[PDB]
Number of protein chains: 2
Amino acid sequence: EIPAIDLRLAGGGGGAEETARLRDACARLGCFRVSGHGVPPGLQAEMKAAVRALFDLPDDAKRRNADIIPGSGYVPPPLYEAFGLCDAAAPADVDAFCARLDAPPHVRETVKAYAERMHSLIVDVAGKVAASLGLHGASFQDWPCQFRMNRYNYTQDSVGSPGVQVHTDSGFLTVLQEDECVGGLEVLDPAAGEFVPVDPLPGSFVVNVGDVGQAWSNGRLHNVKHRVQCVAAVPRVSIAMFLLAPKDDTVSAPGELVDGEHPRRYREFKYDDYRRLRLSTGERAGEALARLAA
Amino acid sequence: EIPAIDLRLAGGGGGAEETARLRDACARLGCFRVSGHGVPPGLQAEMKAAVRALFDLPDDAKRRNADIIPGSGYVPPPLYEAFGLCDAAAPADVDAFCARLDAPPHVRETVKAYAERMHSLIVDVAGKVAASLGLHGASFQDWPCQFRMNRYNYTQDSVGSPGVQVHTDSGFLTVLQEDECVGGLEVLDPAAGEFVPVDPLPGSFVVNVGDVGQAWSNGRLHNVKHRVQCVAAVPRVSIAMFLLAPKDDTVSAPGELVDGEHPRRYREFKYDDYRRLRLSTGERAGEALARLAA
Ligand SMILES: O=C(O)Cc1c[nH]c2ccccc12
Ligand SMILES: O=C(O)Cc1c[nH]c2ccccc12
Ligand SMILES: O=C(O)CCC(=O)C(=O)O
Ligand SMILES: O=C(O)CCC(=O)C(=O)O
């Protein structure tokens, strides 16, 4: 159901069909799975263990991991706890975060390698998306990112309840690695108006388009609404890399995306201001973009 | 609380402590985890998918996989189905089994590589167990083996029910790869008097000592009673390699394990005959070994 895109295949000629499949998934659904991503299974297995080690830390160690670099670190709960790292595209922030974690050295080094590999992956995905719209020369390498590790502490009581309410991601694109054993990711299919489970598929990643994706693409890429249902009584652990917006914080569709049959949809805006707008309105499912129409 | 043994570490000098931990786990519990086993993570990931692909085959493809070599192939169900391969230590049998599976070539190749790698593992484990009892020169390379791929088709109605009843393995040693998501394996811990779960730990294997282990070791290695509770409403998939008995089928303890304080416990017997005896008495938890006292 959710399209699977092989990233090694996507490209030209023989890759042309897979690139068109990529664009179609971004346009119709805003969500797809990625294979061919090049992240080694050994590193994935080390990261799974390391993230569980981190969340299995005594509460007091977890709390020494709060605010270890400005704005980032451990975030306590309501069944939710997380480690967040901004700016995950900045090598000096990634280095200091991992050096500052109260954790065993082998854990800190695995997190560092994985955040670095996820950054390269989301930049590679963003580039292939941009090329499916005919855009070359775009570099996403220095766009700020937010790396997050989360755990949802499900119990028997929370089974059946949406373990995360419906929202869009504010930013451009998101790459997610879901718990293999507990999948709850559901995305609203904009063509039927129905939630579609994104069942876990080991060793692959999920990609979601966010609000900045919709705006930068001049409406061509769908900012996907999604939620997480609690589907078992077991803690769910997941990892996400959020590609946010350009380094200069300005969101503006590129020239070549304004047609004549698809006129320019949104005024130029600053990502940080948009984030404030979601905050003050409570509109966290893309509604606030309507207030930014051109 | 199941001891974990690092196989690269175990051996001499610097591994003398680990070897003694190995023997102690075998003698007191009959069960231990192995790390450092050298099965690469990529192969483990490919096998998890291949085994799930095999069990997801249509019913007609599964029936075409019954009896593909004499005595081996698919076995249908109540909630249990499986693919078994004897003799998994015999290259000719492994080759013909995988050549004859009705499945895509990449599945056949993955199963072949896995069966072969699991064979090398269980031989290496057997050798280290033998060395922990001061035994060298022993070669297990040609002992018959059974390779099994299992699926227990749990549902909401299965939860809280035994998945497999309490028994011992008849053979020497068993190496298991349990479903990372669905546990359920429990062993009767001698020190405790109650069954204790062997919760899955990704990328690690569980080793269990069987009845032939107890007899060959002259009583020094415990043949562990185990079962599997249904702990979740999703299918549980597992892989096991059973090291059975010597090629000449005779079970007889080596001289150096019978001393003034531990005299010879069991008469020599043919493994085949011992299997018959379990089948005809219904004694599947090691009770039938008492009929073989010296
Ligand atoms: O996009 C973000 O994660 C930051 C943010 C700012 N105001 C918000 C409202 C709802 C959801 C997220 C945000
Ligand atoms: O494992 C098998 O398929 C054969 C077997 C060996 N010992 C057994 C005890 C009870 C039932 C079957 C067996
Ligand atoms: O799906 C998850 O568990 C975390 C990522 C998420 O839900 C989000 O995009 O904010
Ligand atoms: O299929 C399994 O998970 C193992 C069942 C069992 O009791 C065994 O290993 O003999």
# chains A, B, ... in the order shown; residues from 1 in each chain; ligands from 1
>>> select_by_dssp(residues="segment 35-257 of chain A", states="strand (DSSP E or B)", output="PyMOL selection string")
chain A and resi 35+69+72-75+80-86+145-152+162-167+173-177+185-189+194-197+205-209+226-229+236-243+250-251
>>> write_last_selection(atoms="C-alpha atoms", output="PDB file, in the first residue's frame")
ATOM      1  CA  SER A  35      15.161   0.663   0.667  1.00  0.00           C
ATOM      2  CA  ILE A  69      23.889  21.321  24.676  1.00  0.00           C
ATOM      3  CA  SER A  72      18.900  19.578  23.444  1.00  0.00           C
ATOM      4  CA  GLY A  73      19.093  16.396  25.424  1.00  0.00           C
ATOM      5  CA  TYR A  74      16.759  14.228  27.415  1.00  0.00           C
ATOM      6  CA  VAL A  75      13.105  15.299  27.572  1.00  0.00           C
ATOM      7  CA  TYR A  80       6.561   9.792  26.068  1.00  0.00           C
ATOM      8  CA  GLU A  81      10.266  10.326  26.725  1.00  0.00           C
ATOM      9  CA  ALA A  82      12.943  11.312  24.235  1.00  0.00           C
ATOM     10  CA  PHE A  83      16.466  12.471  23.501  1.00  0.00           C
ATOM     11  CA  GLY A  84      16.582  15.368  21.029  1.00  0.00           C
ATOM     12  CA  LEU A  85      19.558  16.825  19.188  1.00  0.00           C
ATOM     13  CA  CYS A  86      19.572  20.181  17.377  1.00  0.00           C
ATOM     14  CA  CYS A 145      18.042  19.163  11.291  1.00  0.00           C
ATOM     15  CA  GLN A 146      16.577  17.713  14.457  1.00  0.00           C
ATOM     16  CA  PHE A 147      17.602  14.163  15.421  1.00  0.00           C
ATOM     17  CA  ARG A 148      15.318  12.428  17.877  1.00  0.00           C
ATOM     18  CA  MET A 149      15.235   9.186  19.811  1.00  0.00           C
ATOM     19  CA  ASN A 150      11.918   8.410  21.469  1.00  0.00           C
ATOM     20  CA  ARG A 151      10.209   5.809  23.643  1.00  0.00           C
ATOM     21  CA  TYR A 152       6.459   5.444  24.283  1.00  0.00           C
ATOM     22  CA  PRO A 162      -3.970   6.739  19.437  1.00  0.00           C
ATOM     23  CA  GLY A 163      -0.525   6.933  21.082  1.00  0.00           C
ATOM     24  CA  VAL A 164       0.157  10.184  19.194  1.00  0.00           C
ATOM     25  CA  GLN A 165      -2.520  12.654  18.039  1.00  0.00           C
ATOM     26  CA  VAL A 166      -2.881  13.688  14.390  1.00  0.00           C
ATOM     27  CA  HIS A 167      -0.422  16.294  13.172  1.00  0.00           C
ATOM     28  CA  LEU A 173      11.122  15.953   5.204  1.00  0.00           C
ATOM     29  CA  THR A 174      11.417  13.377   7.955  1.00  0.00           C
ATOM     30  CA  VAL A 175      13.157  10.012   7.922  1.00  0.00           C
ATOM     31  CA  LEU A 176      11.868   7.570  10.537  1.00  0.00           C
ATOM     32  CA  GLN A 177      13.102   4.181  11.767  1.00  0.00           C
ATOM     33  CA  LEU A 185       2.509   4.725  12.379  1.00  0.00           C
ATOM     34  CA  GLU A 186      -0.686   5.573  10.499  1.00  0.00           C
ATOM     35  CA  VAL A 187      -0.872   8.214   7.783  1.00  0.00           C
ATOM     36  CA  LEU A 188      -4.048   9.871   6.501  1.00  0.00           C
ATOM     37  CA  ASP A 189      -4.395   8.925   2.850  1.00  0.00           C
ATOM     38  CA  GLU A 194      -8.814   7.124   5.772  1.00  0.00           C
ATOM     39  CA  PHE A 195      -5.888   6.203   8.005  1.00  0.00           C
ATOM     40  CA  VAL A 196      -3.505   3.663   6.507  1.00  0.00           C
ATOM     41  CA  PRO A 197      -1.159   1.657   8.770  1.00  0.00           C
ATOM     42  CA  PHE A 205      13.058   3.642   6.675  1.00  0.00           C
ATOM     43  CA  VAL A 206       9.860   5.684   6.310  1.00  0.00           C
ATOM     44  CA  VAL A 207       9.920   9.179   4.766  1.00  0.00           C
ATOM     45  CA  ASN A 208       7.229  11.796   5.522  1.00  0.00           C
ATOM     46  CA  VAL A 209       6.739  15.162   3.790  1.00  0.00           C
ATOM     47  CA  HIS A 226      -0.116  11.127  10.724  1.00  0.00           C
ATOM     48  CA  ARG A 227      -0.566   9.614  14.176  1.00  0.00           C
ATOM     49  CA  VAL A 228       0.667   6.660  16.241  1.00  0.00           C
ATOM     50  CA  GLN A 229      -1.874   4.170  17.597  1.00  0.00           C
ATOM     51  CA  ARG A 236       7.675   1.470  21.394  1.00  0.00           C
ATOM     52  CA  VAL A 237      11.112   2.870  20.476  1.00  0.00           C
ATOM     53  CA  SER A 238      11.793   4.886  17.350  1.00  0.00           C
ATOM     54  CA  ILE A 239      14.361   7.171  15.781  1.00  0.00           C
ATOM     55  CA  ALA A 240      13.717  10.160  13.523  1.00  0.00           C
ATOM     56  CA  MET A 241      15.777  12.711  11.592  1.00  0.00           C
ATOM     57  CA  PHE A 242      13.901  15.956  10.755  1.00  0.00           C
ATOM     58  CA  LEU A 243      15.140  18.017   7.834  1.00  0.00           C
ATOM     59  CA  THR A 250      13.639  31.334   4.553  1.00  0.00           C
ATOM     60  CA  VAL A 251      10.924  29.174   2.988  1.00  0.00           C
TER      61      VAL A 251
END
>>> interface_residues(of="chain A", to="chain B", cutoff="7 Å", atoms="only C-alpha atoms", output="ChimeraX atom specification")
/A:41-42,181
>>> residues_near_ligand(ligand="ligand 2", cutoff="10 Å", atoms="only C-alpha atoms and all ligand atoms", output="list in words")
residues 84, 86, 146, 148, 167, 168, 169, 170, 171, 210, 211, 242, 244, 271, 272, 274, 275, 276, 277, 278, 279, 280, 281, 282, 283, 284, 285 and 286 of chain B
>>> select_by_dssp(residues="segment 85-170 of chain B", states="helix (DSSP H, G or I)", output="PyMOL selection string")
chain B and resi 91-100+105-132+156-158
>>> atom_distance(atom1="atom CA of residue 290 of chain B", atom2="atom CA of residue 270 of chain B")
15.1 Å
